[PDB]
Amino acid sequence: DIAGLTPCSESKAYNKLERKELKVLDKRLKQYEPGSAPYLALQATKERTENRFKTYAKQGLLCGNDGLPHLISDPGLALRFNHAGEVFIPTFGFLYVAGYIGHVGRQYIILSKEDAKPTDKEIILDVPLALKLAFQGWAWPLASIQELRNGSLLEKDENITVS
Amino acid sequence: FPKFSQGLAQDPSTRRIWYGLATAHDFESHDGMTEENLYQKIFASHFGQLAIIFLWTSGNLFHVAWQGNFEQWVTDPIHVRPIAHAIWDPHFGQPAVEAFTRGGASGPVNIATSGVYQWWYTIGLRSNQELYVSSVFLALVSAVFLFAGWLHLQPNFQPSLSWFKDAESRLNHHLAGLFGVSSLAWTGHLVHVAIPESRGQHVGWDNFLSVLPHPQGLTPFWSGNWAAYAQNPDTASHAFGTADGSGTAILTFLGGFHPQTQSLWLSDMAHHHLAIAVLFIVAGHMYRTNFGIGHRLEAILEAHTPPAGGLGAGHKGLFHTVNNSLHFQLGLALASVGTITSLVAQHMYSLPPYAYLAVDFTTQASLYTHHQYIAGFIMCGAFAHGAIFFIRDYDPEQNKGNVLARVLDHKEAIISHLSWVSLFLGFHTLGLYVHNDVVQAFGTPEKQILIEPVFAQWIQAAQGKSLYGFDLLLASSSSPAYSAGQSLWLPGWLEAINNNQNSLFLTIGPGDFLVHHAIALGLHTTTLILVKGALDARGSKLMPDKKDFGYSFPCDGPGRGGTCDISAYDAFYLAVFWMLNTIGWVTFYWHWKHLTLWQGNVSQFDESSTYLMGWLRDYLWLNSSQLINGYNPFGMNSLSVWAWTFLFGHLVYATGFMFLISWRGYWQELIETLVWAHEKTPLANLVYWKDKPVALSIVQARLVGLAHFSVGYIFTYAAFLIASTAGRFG
Amino acid sequence: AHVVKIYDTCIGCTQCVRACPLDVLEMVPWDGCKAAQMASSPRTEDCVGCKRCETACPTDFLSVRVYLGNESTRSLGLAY
Amino acid sequence: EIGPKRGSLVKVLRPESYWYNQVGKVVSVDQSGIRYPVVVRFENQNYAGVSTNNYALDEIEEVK
Amino acid sequence: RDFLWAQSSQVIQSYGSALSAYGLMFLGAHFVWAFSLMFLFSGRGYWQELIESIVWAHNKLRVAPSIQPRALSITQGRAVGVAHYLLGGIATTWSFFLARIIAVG
Amino acid sequence: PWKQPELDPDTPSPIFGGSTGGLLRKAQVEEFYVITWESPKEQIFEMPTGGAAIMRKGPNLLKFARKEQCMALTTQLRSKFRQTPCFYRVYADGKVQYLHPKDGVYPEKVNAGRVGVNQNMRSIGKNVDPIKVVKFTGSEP
Amino acid sequence: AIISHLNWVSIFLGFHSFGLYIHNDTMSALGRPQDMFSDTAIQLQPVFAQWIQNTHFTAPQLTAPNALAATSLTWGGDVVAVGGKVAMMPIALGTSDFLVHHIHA
Ligand code: CLA
Ligand code: CLA
Ligand code: CLA
Ligand code: CLA
Ligand code: CLA
Ligand SMILES: CC1=C(/C=C/C(C)=C\C=C/C(C)=C/C=C/C=C(C)/C=C\C=C(C)\C=C\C2=C(C)CCCC2(C)C)C(C)(C)CCC1
Ligand SMILES: CC1=C(C/C=C(\C)CCC[C@H](C)CCC[C@H](C)CCCC(C)C)C(=O)c2ccccc2C1=O
Ligand code: SF4
Ligand code: SF4
Ligand code: SF4
């Protein structure tokens, strides 16, 4: 553990919160009959709730005095105390997806501007071209460093200034 | 009527009256002005603001001594409530005077919220006579300054322009005398007077020469045994007034708080302002003034130029830019003063310097909120007055290749990066708050994204807080930083920080994490709104020459797609909305986190501050119960004045929406219709205006509506802050 | 009492003259352009500061600018 | 011939202009001593909606 | 007191029940209402200049739209304000009423 | 023109019942404007202040309180009916001034007699910064 | 003349209608509830409305003899209960209903 936080398995308030959230459904389940569809819906919600709590405990999460799980952000403490999947690993997952959107839109912009009437290509897209680039962007990091090391990424003082 | 401007006097409309007030103290744009007459008129006016300050302080002393309960408060500071000024409102009824006479005084009164009672009591004031004597002293000092502003304007006693542009002499005299000697004397007061008054001894003008502060006297000071003044410090079991548990020390480095009065030791603060006097006197002897020794300011700036050329020419050409531009000097002063004003707010609540201030919950709030709100207003002025420099007092050819031109050259990069920070901070902060608002709503409070602020908890562990268990150097007994300062400050410091019943380094959770991130978004975006109005003050692609028009103008017309709100004045105008929004969050976070502490239930903030409905349910709606019942149909309490003001703010805030939303053109056509009626009416037509009536200008309405907007944004919270905290008394 | 200054980039379009209602702009011959015309602002005392003229100017940046200033009865458009 | 060739692209150097450090086709050039003879046409509009403007000899330079 | 501070108890305490949607719309409506104030109080001049400094970065990376970005027109700015203004002002009541009245009293 | 046409203050006016957009106390005290034109037939036209009125064959005369009210009518007559109006300015003292076709030719057409005014021989921009003129008025002049 | 005469009415109403609300607030905060505008107070009752309620209530007797009852129970009568809840019952107009009806105008 770290930062004076208990694991969620050993916490009492964590189990208190489980017994509470299930008690609401059991009271709500008493109204309806056993074989009815409202009964099946609530039993599934009961099954999901029981699964949500045990999985968060199994994953070595850290619960505070309030009883709710807390996340850790420094990769040093995350890797040292086995909490990397929380924040440190979600960061790489998103950046790969965010870069993919940039490398794709940047290429559609450059290529349509090499032809006549690029304004029409923005409001009326070339879907065959857009899908081609969208399935060619799996290795977007390679092309970026290829384009940076080459020097064809940035423009050089051919841009408008104001003074 | 404006004599300083003939252009407005010829105006026949009411625009003359309004613009005559707003351009009153703008001496540069006046008619027949000169650079020498400008500095003199400023120097005389700056004497005036001192005269109002010393009088404003004199009024509080008199109105407290004459009408307050300072003599009764010292005997029982905790239970007795302070009294600011009495009330005489003949429109009252009998139930109100019976409710507003809660104080021991006969008639109705207003309970104080500033905290002057705790301050005056600490420095050794224990009677109403001593406040009467003081109110006369400042009123004399106030009159002296008024006489000087008139005297130093006369044909003689009229300073020359070279006298104003002598920076090296001003620094040495102001750093050494105004800062140092004043700090040295304040230590002379704490030693010769205040510490004795704490330990029972009555020291005054009658007996300060006969009474020694220390038994040994000054013979340790000359001999070099300076540790004799720190021998017998005050014990923990020490009453702040009586000699029970007293000591003989005058300078000590105990650290921490005094046990009974949760406040800093007087012997420490006496030792503090002494060392500050030494550094500031030493710094005062730095620059060169009429003797061979000393540094020169221009020689330094010309020298600090890096060789490779990362900054080009560097800091060259800047001395004549700063020394000749008053707006430059004013932006730096506001920037520095604005920041300091926030330190006063952040460092007082955590380190109470006065006696029985931690217990006065209502007083800590007001002081923290008042300093924070002023901080933002002062900070906004520094940028705004920094933008006027680029228009009026900036010379590009003189400042060529230097840092100031190299910043203005690539401004598109700065404004771009600032925009990205605000966008990323805003999208993520709103998202986390929403994601938790929903997932709470579907009954699953465990699916929230609660991230622990590990980096801040790492500091508190590195500063003595053993809760988190990081076991850093200063939380570890083996480290040298614990070994050093073990005899000095750490026993008193470690006891306080680890105590979880004070505001010194409060516990942090994932709720405090989101609030800090939300603040960052407000600070970054507010700077972006201001920075843009400054750098783009000289010109934009939409308006290549803004500099020719001025700082404040309507617009350049409906052409080029529309140019409404381009001027740098309109950037400052929009930042104030954000400023108030930023300080609001900062202040909402202080109040609730402290209420839960004072009420004892800290779990209220930790669990409910993670989702927005907690802020609306548990903080706003809940604590607005005793306030709203100030005047009920059954009766009225003492909080009726605050509920009335409560609504008064809600109303003023809404009236500004008129001037903001509804523009001029709707109204001028309307005033033309009333003019027709006033002339066609049989008897009223005999009366005729001297100045023609017209609607308010475009820029005037932006100003007026912002005043109605900000006053409601302050009067509403002040009532809520004082009423919520006063009614619960915790 | 507004100020109206025309600059060297005028090309003699006459669109500024046709637009401004108060007849504050007229055309004068000149040798700088193809059209051999240039504007002028003889009577700015009647300028209401509407700024329609600047909109008419079809150059990269305006050869006609109306620098607002001190007001008057004629400038404020007061029928009364 | 006094100035750049017909149909030739050139780069602008007016600091005031919307098209500054940008490229445009030369539509025509007048050789009668006018101060601003060079007529240039750009694809991108300005804020008003105009895509042409007469520039000078010194204010234009070769592309890129 | 007796209308707002009282009848708002059913909406606020709706979290964890079937009326939870009204508690969300109650807040969402306040957001859209305030959001309109940016459009009514400001003007198209500040925005069009800000986009220029943004176009520089999009231009620096050779990723810029051929359709030039332009700030919302003065008339549109005003229309966009009153729309988000009325929507937030009306939707609040729609949440403050149905939650109050469905949970009778 | 060849010569300025002096004002005939007694000419028939159009047939107009009246309205509330007429003249106020400013007119008798400070100044007012009057417009003249010559129509070939009887027609209907929109007034700047108020509603519709019927012209009269021959000379016509109106009185207005603003120059914009007069020039607003010239643009209507020159476009719709293709006429040539001329309007003056009358002070309270009785003085009269002939304003709009001051040269006889409308301003949108050149004439050799005219002389340039407020003509800067430089490009927009390309002018001194305000600091150079910090203590007197004007950066553009 | 239209806009001028109509401007005077709006100012007349907002003062004599909204100003009455502020008078009651100020009187209450000062501890003078006897001076407010209310039922136990300086009553301003809508006599014209009250007379119309009774006229439509006593219509089946005289003005509409074949009518078995009145058009609605809002005019006057007895309560109609359904499922332990009241469907409609007579609405009484007082000093408050006088201020609000004017606030609308
Ligand atoms: C390929 C499209 C594209 C690309 C590559 C970029 C890239 C960039 N933008 Mg950006 N932007 C875009 C579209 C794009 N933008 C659009 C459509 C808008 C209008 C909403 C903006 C508005 C905008 C602002 C206000 C800012 C940026 C900024 C930036 C820079 C920092 C990243 C950022 O936080 O931006 C912000 C990201 C967004 C606002 C999200 C854009 C919306 C989607 C997710 C992207 C559009 C993709 C496109 C529609 C798909 C077409 C693909 C094609 C095959 C059909 C960066 C270089 C910041 C900057 O100036 O850098 C310092 C900045 O302040 N952008
Ligand atoms: C050391 C402090 C200091 C000093 C010496 C100055 C000096 C000056 N400022 Mg500056 N300023 C300061 C701080 C300071 N300022 C701060 C902190 C801000 C940020 C808020 C500003 C923001 C600012 C702006 C934005 C402008 C100036 C301007 C000026 C110039 C004078 C304008 C004038 O005569 O206005 C006189 C104005 C008035 C008399 C009207 C003030 C009325 C206030 C707003 C009403 C307050 C509300 C009301 C009383 C509340 C009552 C409560 C009610 C319930 C009873 C002058 C150089 C102007 C300038 O230089 O123009 C080029 C200008 O445009 N200043
Ligand atoms: C930072 C310096 C400083 C400050 C702010 C104070 C503040 C105070 N002292 Mg203290 N004191 C100081 C230094 C200081 N002292 C030093 C260095 C000593 C050692 C001698 C003392 C010894 C002392 C005694 C013995 C007594 C005080 C008392 C007081 C209190 C009332 C004074 C009064 O009403 O004026 C009364 C003023 C006079 C009788 C005349 C003062 C004469 C000096 C030399 C004039 C200074 C004017 C100064 C230049 C003003 C600045 C403006 C300038 C441009 C003109 C007040 C809290 C009295 C008290 O009751 O406190 C508990 C008291 O009896 N003080
Ligand atoms: C039509 C009804 C109505 C209206 C129009 C208002 C209007 C207003 N009220 Mg109000 N109020 C009402 C009814 C109403 N109230 C009722 C019935 C009660 C209970 C009796 C209250 C009790 C009340 C209190 C106690 C207060 C107000 C305040 C305000 C003003 C704050 C405005 C603002 O923008 O500040 C800024 C808005 C915010 C900072 C956000 C609002 C609260 C959020 C949820 C806190 C979030 C902080 C945290 C950092 C998260 C945000 C970060 C983000 C990035 C996610 C405002 C003018 C406040 C005030 O006086 O202004 C200072 C004030 O303190 N009201
Ligand atoms: C709470 C905010 C507020 C207030 C107070 C007002 C008030 C008013 N509005 Mg606005 N309206 C508002 C919000 C507000 N509006 C907003 C935000 C918008 C944007 C859409 C509009 C848009 C708007 C338009 C377009 C128009 C109005 C009109 C009016 C005026 C109607 C005439 C009238 O009833 O006055 C009566 C006086 C009052 C209602 C004030 C009540 C408070 C009391 C009675 C005053 C007490 C005075 C006190 C005793 C004296 C103290 C003196 C002291 C110095 C000692 C009135 C002054 C109309 C108008 O002006 O033409 C007639 C107009 O057409 N409103
Ligand atoms: C536009 C303009 C301008 C601007 C201004 C401004 C606005 C500025 C700013 C700003 C500010 C207002 C700032 C502040 C600051 C502060 C800082 C930056 C700090 C820091 C840091 C440090 C160094 C620290 C250290 C430490 C210590 C001491 C001990 C403990 C630890 C720690 C770390 C804490 C001017 C006028 C100039 C000029 C021109 C115009
Ligand atoms: C109502 C309104 C008016 C007209 C408002 C007028 C004419 C009211 C001002 C005059 C009254 C008589 C002053 C009322 C007295 C004040 C309550 C106190 C003033 C105190 C000062 C003397 C210090 C505008 O001119 C205007 C212009 C631009 C945007 C919005 C608006 C706008 O909303
Ligand atoms: S400020 Fe008013 S007049 Fe000027 S452009 Fe904007 S809407 Fe038009
Ligand atoms: S509108 Fe501009 S380009 Fe056209 S004639 Fe006038 S000054 Fe020349
Ligand atoms: S400001 Fe208006 S009236 Fe004056 S010249 Fe320009 S367009 Fe014509």
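By convention in this text, residue numbers begin from 1 on each chain and track the written sequence, not necessarily the entry numbering, and residues missing coordinates are not displayed. The order in which chains are written sets their letters, starting at A; the order in which ligands are written sets their numbers, starting at 1. Note that these chains sit within a larger assembly, yet all values were taken from the shown part only. Excluding hydrogens and water, the side-chain figures rest on all heavy atoms present in the structure.

Quick notes on helix 11 (residues 266-284) of chain B
Its 19 residues give helix 11 of chain B an end-to-end C-alpha distance of 27 Å, which sits within 8% of 27 Å, the value for a rise of 1.5 Å per residue. Turning to helix 11 of chain B, the residues buried within the fold contact helix 6 (116-122), helix 9 (167-198) and strand 4 (263-264) of chain B. Numbering of helices and strands runs from the N terminus, with a helix taken as a DSSP run of H or I at least four residues long and a strand as a DSSP run of E at least two residues long. Helix span, expected: 1.5 Å multiplied by one less than the number of residues in the helix. We call two residues in contact when some of their heavy atoms are within 4.5 Å.

Things to note about the arrangement of the chains
Most contacts, when the 13 pairs of chains in contact are compared, are made between chains B and E. One finds no contact between chain A and chain C; the C-alpha atoms of the two approach each other to within 13 Å at their closest. With no contact between them, chain E and chain F keep their nearest C-alpha atoms 19 Å apart.

What to know about the coordination of the magnesium atom of ligand 4
Water is not among the atoms examined, so metal sites may look incomplete; donors are the N, O and S atoms within 2.8 Å of the metal, or within 3.2 Å for Na, K and Ca. Protein coordination of the magnesium atom of ligand 4 is limited to a single donor, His 650 of chain B (NE2), positioned at 2.5 Å. Here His 650 of chain B lies in helix 25 (residues 640-661).

Digging into the interface of chain E and chain D
Taken residue by residue, the interface counts 4 residues in chain E and 5 residues in chain D. When the buried area of chain E at its contact with chain D is split by residue, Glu 52, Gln 68 and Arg 70 of chain E rank highest and sum to 89% of it. Nitrogen and oxygen atoms within 3.5 Å of one another constitute a polar contact, given that in protein one can donate a hydrogen and the other can accept it, and given that sequence-neighbouring residues count only through two side-chain atoms. Across the chain E-chain D interface, the total number found is 4 residue pairs in polar contact. A per-class count over the side of chain E that touches chain D returns no nonpolar, 2 polar and 2 charged. Here the quantity called buried area is the total loss of accessible area, with a 1.4 Å probe, experienced by two parts when brought into contact, counted for both. When residue character is reported, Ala, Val, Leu, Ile, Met, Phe, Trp, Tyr, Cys and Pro are called nonpolar, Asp, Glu, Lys and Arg charged, and the others, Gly included, polar.

Notes on the sheet that holds strand 5 (residues 86-91) of chain F
All names here are of chain F. Here, strands pair whenever DSSP counts at least two bridges between them. Taken in spatial order, the 4 strands of this open sheet run 4-1-5-6, and their pairing is antiparallel. With partners counted over all chains shown, the strands left at the sheet margins are strand 4 (58-64) and strand 6 (96-98), one partner each. The average undirected angle you get between the axes of adjacent strands in this sheet is 25 degrees. Strands in contact with helix 2 (residues 67-81) are strand 1 (31-39), strand 4 and strand 5; relative to strand 1, the strand with the most contacts, it is inclined by about 15 degrees. Between N-to-C directions, angles span 0 to 180 degrees; the directions come from axes that are lines fitted to C-alpha atoms, helices contributing only their stretch in contact.

Points about the side chain of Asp 8 of chain C
Structurally, the position occupied by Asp 8 of chain C is in the loop between strand 1 (3-6) and helix 1 (15-19). Judged by relative accessible area, which is 4%, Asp 8 of chain C ranks as buried. A polar side-chain atom of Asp 8 of chain C sits 3.3 Å from a polar atom in the side chain of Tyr 36 of chain D. When sequence neighbours within four positions are dropped, the list of residues in contact with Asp 8 of chain C reads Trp 30 of chain C, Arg 35 and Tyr 36 of chain D together with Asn 120, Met 121, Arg 122 and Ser 123 of chain F. A 1.4 Å probe rolled over the protein chains alone gives each residue an accessible area, and that area as a share of the maximum for its type sets the label: buried under 20%, exposed over 50%, partly exposed in between.

Thoughts on the interface of chain B and chain E
The interface of chain B with chain E comprises 46 residues on the first partner and 32 residues on the second. Interface area, chain B with chain E, both sides summed: about 3600 Å², of which 70% is carbon and sulfur. Considering only the side of chain B, the residues that lose the most area to chain E are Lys 532, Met 613 and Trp 621 of chain B, jointly responsible for 18% of the buried surface there. The term salt bridge refers to a side-chain nitrogen of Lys or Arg lying within 4 Å of a carboxyl oxygen of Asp or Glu. The interface formed by chain B and chain E includes 1 salt bridge. Where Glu 49 of chain E meets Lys 546 of chain B, a salt bridge forms, and the shortest distance between an N and an O atom there is 2.7 Å.

A look at the packing of helix 25 of chain B against helix 3 (residues 20-41) of chain E
The geometry of helix 25 of chain B relative to helix 3 of chain E is characterised by a closest axis approach of 9 Å and an angle of 40 degrees between their N-to-C directions. When the axis of helix 25 of chain B is compared with that of helix 3 of chain E, the two are oblique. By crossing handedness, the relation of helix 25 of chain B to helix 3 of chain E is classed as left-handed. Taken together, the residues of helix 3 of chain E that come into contact with helix 25 of chain B (itself represented by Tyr 653, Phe 657, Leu 660 and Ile 661 of chain B) are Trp 33, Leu 37, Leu 40 and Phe 41 of chain E. Among the residues forming the contact of helix 25 of chain B with helix 3 of chain E, the class breakdown is 8 nonpolar, no polar and no charged. Each angle is binned into one of four classes, with values under 35 degrees roughly parallel, values over 145 roughly antiparallel, values of 65 to 115 roughly perpendicular, and all other values oblique. What makes a crossing left-handed is the near helix being turned counterclockwise from the far one by less than a right angle; a clockwise turn instead makes it right-handed.

Examining helix 2 of chain F
Residues and elements named next belong to chain F. In a regular helix each residue adds 1.5 Å, so 15 residues correspond to 21 Å; helix 2 covers 21 Å between its end C-alpha atoms and thus fits that length. Here the buried face of helix 2 lies against strand 1, strand 2 (44-46), strand 4 and strand 5. Remark: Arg 82 follows helix 2 within two positions and exhibits a positive phi of approximately 65 degrees.

Let's talk about the pairing of strand 4 of chain F
Residue and element names in this part refer to chain F. Among the 7 residues that make up strand 4, 5 are buried, leaving the element largely enclosed by the rest of the structure. Bridging between strand 1 and strand 4 involves 7 bridges; their strand directions are antiparallel. Considered in strand 4, the bridge of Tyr 33 is made with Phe 64.

A word on the site of ligand 1
We define proximity as follows: a residue is near a molecule or strand when any one of its heavy atoms falls within 4 Å of that partner. In the neighbourhood of ligand 1, 14 residues make up the surrounding shell, with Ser 416, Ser 419 and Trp 420 of chain B together with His 58 and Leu 61 of chain E lying closest. Surrounding ligand 1 are residues belonging to chains A, B and E, so the site spans chains. Interatomic distance of 2.8 Å between a side-chain N/O atom of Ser 419 of chain B and an oxygen atom of ligand 1. Within the side chain of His 58 of chain E, a nitrogen or oxygen atom sits 2.9 Å from a nitrogen atom of ligand 1. Mapped by element, the contributors of at least two residues to the shell around ligand 1 are helix 4 (88-112) of chain A, helix 17 (411-441) of chain B together with helix 4 (44-60) of chain E. Per-class residue counts for the shell around ligand 1 are 7 nonpolar, 6 polar and 1 charged.

Quick word on the site of ligand 9
Taken together, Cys 10, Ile 11, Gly 12, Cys 13, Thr 14, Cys 16, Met 27, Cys 57, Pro 58, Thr 59, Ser 63 and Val 64 of chain C form the complete shell of residues around ligand 9. Along the lines of polarity and charge, the residues of the shell around ligand 9 split into 8 nonpolar, 4 polar and no charged.

Observations concerning the UniProt feature "binding site: Ca(2+) 2" (unreviewed entry) in chain B
Residue and element names in this part refer to chain B. UniProt positions are given in the numbering used here, feature names are shortened, and annotations may be inferred rather than shown by experiment. UniProt's entry tags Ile 497, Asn 499 and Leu 504 with the feature "binding site: Ca(2+) 2" (unreviewed entry), counted in the numbering of this structure. Position of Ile 497 relative to the elements: it lies in helix 20 (residues 490-498). Among residues more than four places away in sequence, those in contact with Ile 497 are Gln 463, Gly 464, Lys 465, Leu 504 and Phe 505. Along the chain, the position of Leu 504 falls in the loop between helix 20 and helix 21 (510-535). Residue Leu 504 is classed as buried on the basis of its relative accessible area of 3%. Filtering out sequence-adjacent residues up to four positions away, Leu 504 remains in contact with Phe 257, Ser 350, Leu 351, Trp 493, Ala 496 and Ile 497.

Observations concerning the state of the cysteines
Here a disulfide denotes a covalent bond joining the sulfur atom of one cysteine to the sulfur atom of another. Residue and element names in this part refer to chain A. Criterion for a disulfide: a pair of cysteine sulfur atoms at a distance within 2.5 Å. Inspection of every chain in the model, using the stated rule, returns 1 disulfide over all chains. Bridging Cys 8 to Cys 63, the disulfide has an S-S length of 2.0 Å. Here the S-S torsion is close to 95 degrees, and the disulfide linking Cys 8 with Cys 63 is therefore right-handed. Of this pair, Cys 8 sits in the loop between strand 1 (6-7) and helix 1 (12-29) while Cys 63 sits in strand 2 (residues 62-63), and the two are 55 residues apart along the sequence.

Some thoughts on unusual backbone geometry
Residue and element names in this part refer to chain D. Positive phi, close to 55 degrees, is recorded for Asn 21, a residue that is not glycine. Take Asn 21: it is sitting in the loop between strand 1 (9-12) and strand 2 (23-28). Note on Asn 21: relative accessible area 12%, which makes it buried. If you check the backbone angles, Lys 64 has positive phi at about 40 degrees while not being a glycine. Mapping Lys 64 onto the fold places it in the segment after strand 5 (60-61). Look at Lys 64 and you get exposed, because its relative accessible area is 80%.

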